[PDB]
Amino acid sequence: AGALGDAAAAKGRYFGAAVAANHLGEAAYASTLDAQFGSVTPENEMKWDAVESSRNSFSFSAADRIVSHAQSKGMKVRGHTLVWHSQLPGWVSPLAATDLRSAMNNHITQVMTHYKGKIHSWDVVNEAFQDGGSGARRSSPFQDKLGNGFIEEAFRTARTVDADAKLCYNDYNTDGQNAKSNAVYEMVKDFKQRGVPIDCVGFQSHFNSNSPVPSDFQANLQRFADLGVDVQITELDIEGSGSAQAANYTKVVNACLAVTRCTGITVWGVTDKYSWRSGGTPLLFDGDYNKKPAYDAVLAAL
């Protein structure tokens, strides 16, 4: 579906966008989405606090609006995200280990159940590693109380619920080979060696002046692909403007299309207007939904 989505599909990939339910009724937002993209990711609507703010009480309406729209347009859906340290409801962190484990598996199971057979890929675990040089696990209720094994447990639970979804580990600042991506690499290699059910590694790819597109972006994607997983660019945006921004997008698209198991790219929003990094004007469409030089470069590269 869509101009970018169909261009990508011709070479066996998808092209998606992060979507917000609260903008779906806006004519130009919906028109741009439907004209351009072949996959969607709910920006906020499937996060823990959005779907289970009260324990064992699930609120799917907002995410259902995005999924229903996608299905009506023949678009793929990425589920985002099941287990994540960030933006948890207040009551998750005080739970003792045994009850946290139960609550985590219950959350995975009921969320995946509601969307069974409708989800192309799940971000099962998100952002489990620290930034910087340590390669260490990030502190979280899951890491602190369940230990290193919580990631494997989450993937095992996920696999029992919906065998048809690709199960992804997702993270940022993992674009080049560095201490952080090395820690993820070690984990995924170990998972694949032992037959842990992981199908994919997501690379958020939030690029800016301090975190530029690295010279080894392609080689890094390739080494992950070579472990026997798909790689997905999940949250792509690139701060800047004009030819410099366009050339950065070319670099990224070229790298994905050069890696046979890079199965798709999702940009983190439809329009600059609603970007989480709006002052960096980092997307393919401006505030009036007009195609930017960045868009032209992406389309020409596909």
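Residues carry their position along the shown sequence, with the first being 1.
Taking the PDB entry as given, 135-143 carries the higher mean Cα B factor of the two stretches 135-143 and 197-205. Of the two stretches examined, 227-235 and 211-219, the record assigns the greater average C-alpha temperature factor to 211-219. Of the candidates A128, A97, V124, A183, it is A97 whose Cα B-factor is highest according to the PDB record. Set against one another, the Cα B-factors of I151, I108, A179, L88 in the record reach their highest point at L88.
Residue-level temperature factors show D171 in the lowest third of its chain, judged at the C-alpha atom.
When all modelled residues of the chain are sorted by CA temperature factor, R101 is found within the highest third. Residue-level temperature factors show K292 in the middle third of its chain, judged at the C-alpha atom. Among the modelled residues of the chain, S53 sits in the highest third by CA temperature factor in this PDB entry.
Ranked by Cα temperature factor within the chain, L33 sits in the lowest third according to the deposited record.
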